């Protein structure tokens, strides 16, 4: 029994007669279901028996209350940049990912492979692999009540791990589609032999008329990762214990917890859309994607080096690459509005 | 490298190309025909000398250090017009601070340069008066109000029947009125009491049944009327630049890039844009001003470092 | 110790409490290292955070590090790395830090041998921040835990509502700009004139009034820079009017300085923060009325330091202690009691303690001006003449 | 010079003869506290009396 964060996780061991002479103990799959569903509750919402949202035939739906000032105190936690810059005035697309966490964790809680379920064998080995956002031109600015719907596809297992793709769509009160998010999750332990399909570049908003104009630098911004993840946890919503708890990080087989993929996602988006007064237009994102590569411990000095890639009917294609020392931790692409 | 829903501005003679190019409300054959007819009809509405001369020149005046502004310049022009006994008019509101254009008769022109040179030797050397190079017709003034009716007839001859009003609504800035082209009772009343428009009074009477009945027809009539009267009405280009540079909050069209399409040997509109930006009413507005020939590399986005 | 000899024998002294933007950490570290009251401060903070048990999540939304001040004091004493300047000057850790500094300074001087309950001060001067501290000393030493938890709520709510609005620091430009060398009524006039045009959306407002020639302005930072451009244009107008040999009386040339606060205070635009503090107070175990009152007093309702200190002088204090962090309150009160003959004394400073304790080292109070008022004499022939020092 | 007494004649701009541009109240509002901080300065004033 492990106290993870306020509550307990029970793992039950069974000992056959094989364990008399060098036999390993076995952990039954239903005991591991119970342990991973209660840590799924600790990740998303209060208790595992029927407080996570119900799974439909394929989907999981939620209706949440949206306020625009929560975007402001989101950016106040995320954007901790240097001196000369300034955050944007329009809202950033990594703010709708906040209220839609119980939908995607409920989708993980019932997502299955081809005859087998990744709820159990890898929830402590869960990594947010990559993220992709596509916005329609609407974005609310009044206090409203919108809804989200997340579908988990049939998970495969490629040469780096078991990939669970999940696609959520967010619509307002009038039935208008606001935005569409697609993200993949890597279960890191178990693998197979299947080809890993590459995700869509710039969130699927490339209009198939793009020329490889030569690269031009835009900005170089150094951002330090914060020490504790509970502020970004309470702001965003994911209480995934791998980012905060020490016992859960040791239980997942890490030396120390890791920062949020959505944290450095939102840091990259603000490094794109920040302003410093000189003669350039502001940035407003339309399509976006970000691939996560390595782990970032809390207290590392990330630096973004944003460049220009292409052009598409007056709007330009812009990528970032984040480094910690001399390797990559993400690679992200974007198509911003004209 | 051409965005789609960008709005259409321009100087009052490139305004025709602003209709034709970035909106496509008509095409370049009718554009070139209309342009040649308005040139040939402008050329023959002034009784001039038989040796080519006239009694009409214009001049760029510079209210710099001589203590003139928006509340003082038209009263100044009317006062020197009453002192001389001639017709003196503003024609081009080019720059807020130090670039105005005055068209009139030659006697009023020497009265203008007399007062400007004596205030110049009062306050310091500025070269505040430059007479126009070459051209000799008082543009956009009251004395051009017969060719506007004949040009209305030629315009109804040239321009096609069916108009799409949404191709210019929220996208067009004329020069006699510096506001967006919008189907408004206030808009048609403003052009009506700015310049008397004899076929517009029936629309000024009623439009609620006519918005129900004749949207394309009514937009077509107000379009040809407002396009015909700028041949004799002065421009309000200072207020167009203010309407383009004042942001969306504190209402006005807040834009990001201001690209003008002209040659690099004389980027005049880009010079006026940079001067209005460096004017001290605002020093923080990041409005990137491009020429389509000086800044070709950064316009087509084919530049390295 | 002749100064406290006179004050404990009884001379009218007032006590003033400091304000914001003062780098409280190093003076609190020096005061703890001088006295040794770390156990009492530790049990104070311990029962305060015990009282703040349910709302730790909504509290930790804001604070990046987490506000453990006494271990920071231990770190600075043992020469360990210190939390950075932004993470110190944010409101949720500053406005409890200065309160803990002032309470520790009062208890430090009470251990040193000056008892405020044995000899009460005459007047109680409270600046911007020090309203809660002057409530804490107007009551006994028995509501310090509730007021410490209340200030620790106030800072988090202030940073939260100010980030929801635009009244926080963006880059280096802060939300408060101090105007010195200017007439405050004229500053109010042209603030209203700068408000009346359409092109501004949020008018910056005048908040406090330090002296007779100094205020500060709180608002959005680009609004502050635009207002500075406006005043610079009027200054260049009157300077050219002097240089071309016209009136030449004076020149409107105010001086702008940034304030080192993270968050604008004393504006009406923080009207939601009082309801946030009311909700957190009713979720916690403390009351709501004095909570809402102090939130009004430190977030919205402006202050007036000039008539505050003239209320002090009308009470008649011939000496004035201040207890606040650093010497900013001394350097702000000197031009306003400059011509009254009242002596300031700093606390929480080694120089202040040696001037407060050494018999041979007492501050030299300058003379009043009613003494320089002239007199009448009679010459020995019966003539009646005037006597000035000339 | 600490012990010797020094006398000021603060003359304004409204005086006859040569014409300073400064104004009297502005001058000694700038400098009155510094004048009274010393103990040996006598301050006579003039200009427009």
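Rule-based calculations on the coordinates, nothing more; no lab input. For neighbour counting, all protein chains shown are included, and Cβ atoms are generated from backbone atoms with ideal geometry for every residue, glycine included.
Among the residues in region C:174-183, are any crowded, with 24+ Cβ neighbours inside 10 Å and in contact with a helix residue (DSSP H, G or I) (Cβ under 8 Å, 6 or more places away or on another chain)? Walk me through how you get there before you give the answer.
Kept after step one, since they are crowded, with 24+ Cβ neighbours inside 10 Å, are these residues of region C:174-183: C:175-176.
Still in the running and in contact with a helix residue (DSSP H, G or I) (Cβ under 8 Å, 6 or more places away or on another chain): C:175.
Checked against the condition, which is being crowded, with 24+ Cβ neighbours inside 10 Å and in contact with a helix residue (DSSP H, G or I) (Cβ under 8 Å, 6 or more places away or on another chain), region C:174-183 yields at least one hit.
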Sole miss for residue C:58 among (1) over 20 Å from residue A:81 (Cα atoms); (2) loosely packed, with under 14 Cβ neighbours inside 10 Å; (3) facing another protein chain (nearest Cβ under 10 Å) is condition (2)
Note: among C:238, C:193, C:228, just one is within 14 Å of chain D (Cβ to nearest Cβ), surrounded by fewer than 18 Cβ atoms within 10 Å (Cβ to Cβ) and in a helix (DSSP H, G or I), namely C:238
If we keep only residues of region A:185-233 that are within 14 Å of chain B (Cβ to nearest Cβ), in a loop (DSSP other than H, G, I, E, B) and touching a residue at least 40 places away in the same chain (Cβ under 8 Å), then the residue farthest from residue C:84 (Cα to Cα) is A:209
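Can you tell me which of B:191, B:238 is within 24 Å of residue B:89 (Cα to Cα), surrounded by 14 or more Cβ atoms within 10 Å (Cβ to Cβ), more than 14 Å from every other protein chain (Cβ to nearest Cβ) and touching a strand residue (DSSP E or B) at 6+ places or on another chain (Cβ under 8 Å)?
Details: B:191 fails: touching a strand residue (DSSP E or B) at 6+ places or on another chain (Cβ under 8 Å).
Exactly one of B:191, B:238 is within 24 Å of residue B:89 (Cα to Cα), surrounded by 14 or more Cβ atoms within 10 Å (Cβ to Cβ), more than 14 Å from every other protein chain (Cβ to nearest Cβ) and touching a strand residue (DSSP E or B) at 6+ places or on another chain (Cβ under 8 Å), namely B:238.
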Within region D:1-20, the residues that are within 11 Å of another protein chain (Cβ to nearest Cβ), within 22 Å of residue C:247 (Cα to Cα) and either surrounded by 11 or more Cβ atoms within 10 Å (Cβ to Cβ) or in contact (Cβ under 8 Å) with a residue 60 or more places away in the chain (or both) are D:12, D:13, D:14, D:20
Residue set B:301, B:228, B:292; condition at positive phi and surrounded by 16 or more Cβ atoms within 10 Å (Cβ to Cβ); output residue B:301
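Residue-by-condition table, conditions (1) without any contact (Cβ under 8 Å) to a residue 60 or more places away in the chain; (2) more than 14 Å from chain D (Cβ to nearest Cβ); (3) surrounded by 12 or more Cβ atoms within 10 Å (Cβ to Cβ); (4) assigned to a loop (DSSP other than H, G, I, E, B):
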| residue | (1), (2), (3), (4) |
| --- | --- |
| C:280 | no, yes, yes, no |
| C:303 | no, yes, yes, yes |
| C:330 | yes, yes, yes, no |
| C:355 | no, yes, yes, no |
| C:380 | yes, yes, no, yes |
Picked from region B:259-280 (must be in contact with a helix residue (DSSP H, G or I) (Cβ under 9 Å, 6 or more places away or on another chain) and farther than 15 Å from residue B:14 by Cβ), the residue surrounded by the most Cβ atoms within 10 Å (Cβ to Cβ) is B:276
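Considering only region B:138-235, give the helices (runs of 4 or more DSSP H) lying wholly within it that have at least 1 residues that are within 21 Å of the chain's Cα centre (by Cα). It would help to see each step written out before you state the result.
On the way: elements: B:147-158, B:185-194, B:201-205, B:208-213, B:215-228.
It comes to B:147-158, B:185-194, B:215-228.
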Within region C:72-100, residues being in a helix (DSSP H, G or I), within 14 Å of chain A (Cβ to nearest Cβ) and more than 22 Å from residue A:79 (Cα to Cα) number 1
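Between A:291, A:284, which is surrounded by 15 or more Cβ atoms within 10 Å (Cβ to Cβ) and within 14 Å of chain B (Cβ to nearest Cβ)? Break it down stepwise before answering.
On the way: A:291 fails: within 14 Å of chain B (Cβ to nearest Cβ).
The unique qualifying residue is A:284.
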Within region A:320-338, of all residues that are outside any strand (DSSP E or B) and in contact with a strand residue (DSSP E or B) (Cβ under 7 Å, 6 or more places away or on another chain), the one surrounded by the fewest Cβ atoms within 10 Å (Cβ to Cβ) is A:337
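Among the residues of region C:126-140, is there at least one that is within 14 Å of chain A (Cβ to nearest Cβ) and under 23 Å from residue C:328 (Cα atoms)?
Taking region C:126-140 as the starting set, the residues that turn out to be within 14 Å of chain A (Cβ to nearest Cβ) are none.
Checked region C:126-140: no residue is within 14 Å of chain A (Cβ to nearest Cβ) and under 23 Å from residue C:328 (Cα atoms).
Farther than 16 Å from residue C:62 by Cβ and in a loop (DSSP other than H, G, I, E, B): which single residue out of C:116, C:109 fits that description?
Working: C:109 fails: in a loop (DSSP other than H, G, I, E, B).
Result: C:116 is the single residue among C:116, C:109 that is farther than 16 Å from residue C:62 by Cβ and in a loop (DSSP other than H, G, I, E, B).
Just one of A:76, A:58 is touching a strand residue (DSSP E or B) at 6+ places or on another chain (Cβ under 9 Å) and either crowded, with 16+ Cβ neighbours inside 10 Å or at positive phi (or both); which is it?
Numbers: A:58 fails: either crowded, with 16+ Cβ neighbours inside 10 Å or at positive phi (or both).
Exactly one of A:76, A:58 is touching a strand residue (DSSP E or B) at 6+ places or on another chain (Cβ under 9 Å) and either crowded, with 16+ Cβ neighbours inside 10 Å or at positive phi (or both), namely A:76.
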Contact list, first residue from region C:197-218 and over 17 Å from residue C:267 (Cα atoms), second anywhere and surrounded by fewer than 17 Cβ atoms within 10 Å (Cβ to Cβ), beta-carbon distance below 6 Å, six or more apart or interchain, is C:198/B:250; C:199/B:250; C:211/C:335; C:213/C:181; C:214/C:180
Of the residues in region A:299-319, those that are away from chain B (no Cβ under 14 Å) and assigned to a strand (DSSP E or B) come to A:301, A:302, A:303, A:304, A:319
A careful count of residues in region A:88-123 that are buried (at least 17 other Cβ atoms within 10 Å of the Cβ) and within 14 Å of residue A:274 (Cα to Cα) gives 4
Going by the conditions given, is residue B:258 within 14 Å of chain A (Cβ to nearest Cβ) and either within 21 Å of the chain's Cα centre (by Cα) or within 24 Å of residue B:155 (Cα to Cα) (or both)?
-> yes
